[PDB]
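K.L.:
can't give you the sequence, but here's the structure:
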Ligand SMILES: */C=C\C(=O)[C@H](C*)N[C@H](O)[C@H](O)COP(=O)(O)O
Ligand SMILES: */C=C\C(=O)[C@H](C*)N[C@H](O)[C@H](O)COP(=O)(O)O
Ligand SMILES: */C=C\C(=O)[C@H](C*)N[C@H](O)[C@H](O)COP(=O)(O)O
Ligand SMILES: */C=C\C(=O)[C@H](C*)N[C@H](O)[C@H](O)COP(=O)(O)O
Ligand SMILES: */C=C\C(=O)[C@H](C*)N[C@H](O)[C@H](O)COP(=O)(O)O
Ligand SMILES: O=P(O)(O)OC[C@H]1O[C@@H](O)[C@H](O)[C@@H]1O
Ligand SMILES: O=P(O)(O)OC[C@H]1O[C@@H](O)[C@H](O)[C@@H]1O
Ligand SMILES: O=P(O)(O)OC[C@H]1O[C@@H](O)[C@H](O)[C@@H]1O
Ligand SMILES: O=P(O)(O)OC[C@H]1O[C@@H](O)[C@H](O)[C@@H]1O
Ligand SMILES: O=P(O)(O)OC[C@H]1O[C@@H](O)[C@H](O)[C@@H]1O
């Protein structure tokens, strides 16, 4: 099925770090550091937060400059519900569209119908019900969100523990009780049952928002994420490598010490 | 081809019919002779349950068997909501349908019976499209859209039939992209919302139940888009049940014939 | 340890029905119907609820008459926190004390310190936190409670699903999260971990409250209970001696619908609940 | 006569109406392919920032804009200010927009637009408002977002609201339409006309927050007949890009071309 | 193994743990007689003033402090940030303080401290919190005031609260302890251990607002085993004065001597 193929593409990012970049030079630095993919954008979440204004899809010209500067997959953000921005991004030839909460919401009631697209989408969530709803709309990959731009991991921890804890609860739940659980999640029952049978989210799950240090990144992996997004926490060429290392060797405290030592200001 | 689809097909056979509550073999015969498509075996009518109080449970298997042996039309029986053992007993009796019913005392306030675990088809109630689709996903092969049971008052059945059928009509022309949020707002499975959208009607047979007291009430439910009606109190708590039973059966069969509606309503006696 | 021995003792009741009785003849009917034990009392819960007044421990005389009329274990109820009522019951030589919510509370803030007694106690609960607190106080067996005297199974279903649902959540829970779980249950961490390791309550768990029909009793078994208490459902019904047998056979054959049909068929009038 | 005004407005279908503040901007708008210009002295984003009372523009600056292009010229009048409307009509312009972005002149009543020879455009946020404006004599409806913010969210909300109600109305049980008209506080006859047509009885444009070619094409894919743009443009390149996006709204390749490096 | 960690922490009894930000401060602390140092990059008073997210310090600055003294070296990790704890343990320090003065990393769960070889210090404001921290594996408890304010009032409140509850527990009817443990939301077995010991089952220090020798001696007279000081000191004279006050807390003459002209 076309969806299962998109899900397989995102599965190739497992164990990786996706980095926000604002030009070709940052793109190369992320790639040279070992980022599994780059997120092309005009201003990072820490800047979106402090500057205000409306934040939209980046200029196709800048996205193309990044796409041609690197060989790892390139993602780009579209406003939630802005299915025309996603049509443009898909026409550029990028590899992923991230329907992103850090951009200004375009549709308060509806997300993009992602099954209408050929390229895979990333969507955000804060709980299992939201994740399953995004998946049913066609998301091939899920970002479990903290507070973007704050450098503060607390909400990412909260939401990762919430998503993974609900999955664990679902695992040994009385089958007769799953119907009500799906109602309370306001989630599609078939996806709830798929999650119960897998014992994990039916697509790749990365943590995103507030990942500032190698310890933060390894913490997300130890709590069960498949990878991390980092935006502000890097841009710096040395900090990118350390976070990549922290994610690859998240259970090695010796490696975590080495990359954290003398790393500079976060 | 699927087991659920076969159960759905069984309930299709009841389209255009009247299902009557009966409390003994004699009333079962009156129901069948008047032309009911099925009988609902129970120990107290919903009007008696409403007045008397107490806990209302599955009927004694003995009395159900006496009803099944007295008629050739299908026999249904009620189980309390969530009481899957009552349903196991009912199925082991060999009746044709189990009605997981709100008029008996709730056994489980948070969960319904997992009806897929049974081979015989279930009827469940609803008051809105979300509830209907949830019951269907749990395995109901047929849906009662409920009014007030035992009151003789059609107002809630009209409200809920209009609500269920109105939301189905809204679904028909709805932007496909908005259906995901609609399913969320309904707390209903998205696949079943889409099936209702594609069908333009409920994915299973939809009867009205609750407060149907007169031939005009019964024909009103059919004109509003129901496939049939349940009647409990309106027949046997009235003056002449056998006459009123036929009158209601005729009204459902000929719901668009005002001449027929007059003839069966004329001189019919006291309603409940 | 002494507590482990009392816990082991009550394992013998698994698969059984414990029946409330108010005289020696009722006890003889319970035993002959196949009850695993009798609960001796002066008023059944349906009568306590309707009549009012203060409900206390029964006269030791009537308890002795019941104990000598049967060979199966005899239980008797003490008011919650009334440790002297329990001292008296232990001196009578009965087999179990049930510290029971259906009697009038004697102590609103503290239960009986059940470790001070040689005989095992049954306590009630409505959730996993309560069950683990009762066990820590020394209960050797737990009643997961519905509404006594109503013939309505809804609260027992609610509470059985709650206790067992929390145990299932606990089984798979991240170890690092159990400390907070114990805090939010207000339950002793060591018992929470024991429950997590066992995947069930550390003591025998029966359902009690509102079991009126064989179908109700088998339902409690299919929901995971080890047995049921019946008080009002038997002797406040049409034919108690036949209904007692039917409920015993429903608990033994809870997964057999043909047997449930047979014992339920023509069983006469069940209790008039509320 | 109303149907004549309604038919005139149908000529704008598929177009971009740009706000302009001088003859030169008017000419750039026209040359970029705008279907009409909206003459004013303050752009909506400057109306928001500066504050103050905002009114009909000087007839002198409106005449200059009118003389400087051949595409229709619109101008705004305060809501309920039927005298500003009389002056604009006497100027000889083509459309009057009774506009919520000027200071409200009458909080309880709109202009009785049937008293005028030239067509009017009114705003709305929901189907009940659109039909009331139409019954008052609006020949064209602007489904409004937040003017001057560059944020499309409310325009998306209001466009989805108006069109979703129309879709609901289309296959509603006729017997239930009387209550629907009451709940909308809308004239029953216009509700039935809308139900029978399956769309709004006049041209419907989106307005408010349309900032990028992607926004404009989004409004078209959601079912609008066209879009207004005010702050979004002033520049001849961005104006042409939005015109192109509205003309070719289902073509992602064209949307990339006009958006690239903009 | 937990009792080994508990016994190690008992060596600190009667001591002052000072916060330090470099090797030199560490040496001044040690020479003034501190029983241990707490390595960090921002003092609590500067954490309050500056704001921002506060985290585990760079392992490089912690190693330098560790190399610069022979008394135990502690370092802080964010609450629930078990990975920061893994890094600190890999550094080879002596104690990890799971500290409320860093930004909370996990609002619902603390570090499962039993998974670590080295002892942990946790904070508390009441006996229920202290016992929960201990059940999680804290070998030492800080009864907290307001960090970085120099105001002793909350430390006095929390010390009186913990010790008063212990005194109440000591002669409580055994039958009532089950409900007491429930009300504390604390493990019943630790509640009984506390009742039988007549004191907290681990070393208890005061921390937060200890500004003067008089404050430090007050904490000792209220029943603490020692005190933490962060902002209060940085200077070698004030550090020695607080060490002296803790060592000789019942001697008013010594308290005058070290306080005079300070
Ligand atoms: C919630 C996060 C997002 O929506 C965006 C799209 N993810 C970002 O690209 C960053 O990776 C997360 O932000 P950060 O600056 O790391 O806090
Ligand atoms: C809501 C109705 C029901 O749950 C029951 C099961 N249906 C009854 O059998 C009757 O047909 C409806 O009750 P009535 O006495 O007709 O009002
Ligand atoms: C909650 C139940 C109790 O506390 C008592 C002690 N159990 C009774 O003996 C009955 O078995 C339960 O009451 P019932 O009449 O069956 O509802
Ligand atoms: C709601 C919009 C209006 O009332 C005005 C009359 N329309 C304007 O001319 C603009 O086209 C919309 O404002 P914008 O600056 O695009 O947000
Ligand atoms: C509550 C105090 C803490 O969490 C930290 C870890 N303790 C500090 O090291 C200081 O000793 C207390 O702060 P102070 O500046 O003395 O108020
Ligand atoms: O509840 P649903 O509609 O599934 O999703 C809610 C999220 O969608 C967006 O508006 C926001 O990001 C919000 O958090
Ligand atoms: O909301 P759900 O769980 O679908 O069903 C609620 C209905 O189920 C039963 O408890 C009652 O009949 C109630 O009306
Ligand atoms: O565990 P705790 O909360 O102390 O006990 C609660 C129960 O104890 C008695 O008061 C009542 O029966 C109540 O339900
Ligand atoms: O149709 P009604 O409700 O009268 O008009 C509402 C609008 O009329 C004007 O005052 C404002 O623009 C407001 O939004
Ligand atoms: O014992 P619990 O209540 O879980 O812990 C409370 C403390 O845990 C941390 O979040 C804060 O320091 C808070 O004061």
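P.N.:
Yep, it's here. Numbers count the residues shown, from 1 in each chain, chains lettered A, B, ... in the order given. Ligands and ions are numbered 1, 2, ... in the order given.
K.L.:
Can you give me every residue that contacts the closest residue to ligand 8 within the stretch 1-150 of chain A?
P.N.:
The shortest separation between the stretch 1-150 of chain A and ligand 8 is 30.3 Å, found at residue A:127 (distances taken as C-beta to the nearest ligand atom). The way it works is simple: take the backbone N, C-alpha and C, and place the C-beta from them, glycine included. Taking C-beta atoms under 8 Å, 6 or more residues apart in numbering or on different chains as the criterion, residue A:127 is in contact with A:159, A:162-163, A:166, A:185.
K.L.:
Looking at these, which is nearest residue A:149?
P.N.:
Using C-beta to C-beta, the shortest approach to residue A:149 within the contacts of residue A:127 belongs to residue A:159, at 15.7 Å.
K.L.:
Tell me how far the closest one lies from residue A:145.
P.N.:
Going from residue A:159 to residue A:145 by C-beta to C-beta, to the nearest Å gives 6 Å.
K.L.:
Let's have the contacts of residue A:127 in TSV, adding neighbour count and secondary structure.
P.N.:
Conversion of the contacts of residue A:127 to TSV gives the following (neighbours: other C-beta atoms under 10 Å in any protein chain shown; DSSP: H, G, I helix; E, B strand; the rest coil):
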residue	neighbour count	secondary structure
A:159	25	helix
A:162	18	helix
A:163	27	helix
A:166	20	helix
A:185	22	helix
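K.L.:
of the residues you listed, closest to chain D?
P.N.:
Lowest distance from chain D to those (C-beta to the nearest C-beta) belongs to residue A:159, with 23.9 Å.
K.L.:
Leaving out the residues flanking it, which one is nearest to residue A:229?
P.N.:
Taking C-beta to C-beta, 6 or more residues apart in numbering or on different chains as the measure, residue A:229 lies nearest to residue A:208, with 3.7 Å between them; neighbours along the chain are not counted.
K.L.:
Please report phi then psi for the one you found.
P.N.:
Backbone torsions for residue A:208, taken as degrees, to the nearest 10, come to phi -150, psi 130.
K.L.:
Show me what it is bridged to.
P.N.:
The bridge-partner assignment for residue A:208, based on DSSP bridges, gives residue A:145, residue A:229.
K.L.:
Contacts only, for it.
P.N.:
A:124, A:143-146, A:148, A:156, A:228-229, A:231.
K.L.:
how about 6 Å then?
P.N.:
A:143, A:145, A:229 (C-beta atoms under 6 Å, 6 or more residues apart in numbering or on different chains).
K.L.:
Verify the stated contact: the last one with residue A:18.
P.N.:
Yep, that's residue A:229 we're talking about. Yes: applying C-beta atoms under 6 Å as the test, residue A:229 and residue A:18 come out as touching, 4.8 Å apart.
K.L.:
residues from chain A in reach of chain D?
P.N.:
Taking C-beta under 6 Å from any C-beta of the partner chain as the contact definition, chain A meets chain D at A:54, A:60-61, A:84-85, A:87-88, A:91, A:104-107.
K.L.:
tell me the two of the residues you listed that are most distant?
P.N.:
Farthest apart among the residues of chain A next to chain D by C-beta to C-beta are A:61 and A:107. That separation is 25.7 Å.
K.L.:
how much space between residue A:204 and ligand 7?
P.N.:
Per C-beta to the nearest ligand atom, to the nearest Å, residue A:204 is found 32 Å from ligand 7.
K.L.:
mind listing what that residue touches?
P.N.:
For residue A:204, the contact set (C-beta under 6 Å, 6+ apart) comprises A:10-11, A:141, A:226.
K.L.:
List buried residues within those.
P.N.:
By the neighbour-count criterion of 16 or more other C-beta atoms under 10 Å in any protein chain shown, the contacts of residue A:204 include these buried positions: A:10, A:141, A:226.
K.L.:
Just those residues: which are in helices?
P.N.:
Those of the buried ones among the contacts of residue A:204 mapping onto helices are residue A:10, per DSSP state H.
K.L.:
I'd assumed residue A:38 was in a strand, is it?
P.N.:
Yes: using DSSP: H, G, I helix; E, B strand; the rest coil, the secondary structure at residue A:38 is a strand.
K.L.:
Correct me if wrong: it contacts residue A:32.
P.N.:
No: proximity of residue A:38 to residue A:32 does not meet the contact threshold set by C-beta under 6 Å, at 11.4 Å.
K.L.:
how about the residue of the stretch 1-150 of chain A at minimum distance from ligand 2, secondary structure?
P.N.:
Of all residues in the stretch 1-150 of chain A, residue A:129 sits closest to ligand 2, at 30.7 Å by C-beta to the nearest ligand atom. Residue A:129 carries the three-state label helix when classified by three-state DSSP.
K.L.:
What is the burial count for it?
P.N.:
The local packing count at residue A:129 equals 21, with neighbours defined by other C-beta atoms under 10 Å in any protein chain shown.
K.L.:
just residue A:14 next, same as before
P.N.:
Residue neighbour count, defined by other C-beta under 10 Å, stands at 13 for residue A:14.
K.L.:
cool, residue A:138 as well?
P.N.:
Burial of residue A:138, expressed as a neighbour count using other C-beta under 10 Å, amounts to 21.
K.L.:
quick revisit: put together a markdown table for the contacts of residue A:208, with distance to ligand 3 on each row.
P.N.:
Written out in a markdown table, the entries for the contacts of residue A:208 read as follows (distance: C-beta to the nearest ligand atom, whole Å):
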| residue | distance to ligand 3 |
| --- | --- |
| A:143 | 49 |
| A:145 | 46 |
| A:229 | 53 |
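K.L.:
need those in a markdown table with distance to residue A:97, can you?
P.N.:
Converted to a markdown table, the contacts of residue A:208 look like this (distance: C-beta to C-beta, whole Å):
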| residue | distance to residue A:97 |
| --- | --- |
| A:143 | 12 |
| A:145 | 17 |
| A:229 | 14 |
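K.L.:
can you give me the strands in the stretch 151-266 of chain A?
P.N.:
Along the stretch 151-266 of chain A, the segments classed as strands by DSSP state E, counting those that start in this stretch run A:204-208, A:227-230.
K.L.:
helices or strands up against the shortest one?
P.N.:
Contact analysis of strand A:227-230 by 3 or more C-beta pairs under 6 Å, 6 or more residues apart in numbering or on different chains; DSSP states H and E lists strand A:16-21, strand A:204-208 as its packing neighbours.
K.L.:
Does the shortest one reach ligand 6?
P.N.:
No: for a cut-off given as C-beta under 6 Å from any ligand atom, strand A:204-208 has no contacts with ligand 6; the smallest distance is 12.6 Å.
K.L.:
Find the nearest non-adjacent residue to residue A:233, please.
P.N.:
Nearest in space to residue A:233, with sequence neighbours left out and distances taken as C-beta to C-beta, 6+ apart, is residue A:212 at 4.4 Å.
K.L.:
Contact partners for the one you found?
P.N.:
With contacts defined as C-beta under 6 Å, 6+ apart, residue A:212 is in contact with A:151, A:233, A:266.
K.L.:
Show me which residues of the stretch 1-150 of chain A sit near ligand 6.
P.N.:
Counting by C-beta under 6 Å from any ligand atom, the residues of the stretch 1-150 of chain A near ligand 6 are A:80, A:101, A:105, A:108, A:130, A:133.
K.L.:
Most neighbours among those residues, which one?
P.N.:
The most crowded member of those, judged by other C-beta under 10 Å, is residue A:133 (24 neighbours).
K.L.:
Tell me which helix or strand it sits in.
P.N.:
Counting by DSSP states H and E, the element that carries residue A:133 is helix A:128-137.
K.L.:
That helix packs against which elements?
P.N.:
Going by 3+ C-beta pairs under 6 Å, 6+ apart, helix A:128-137 lies up against helix A:189-198.
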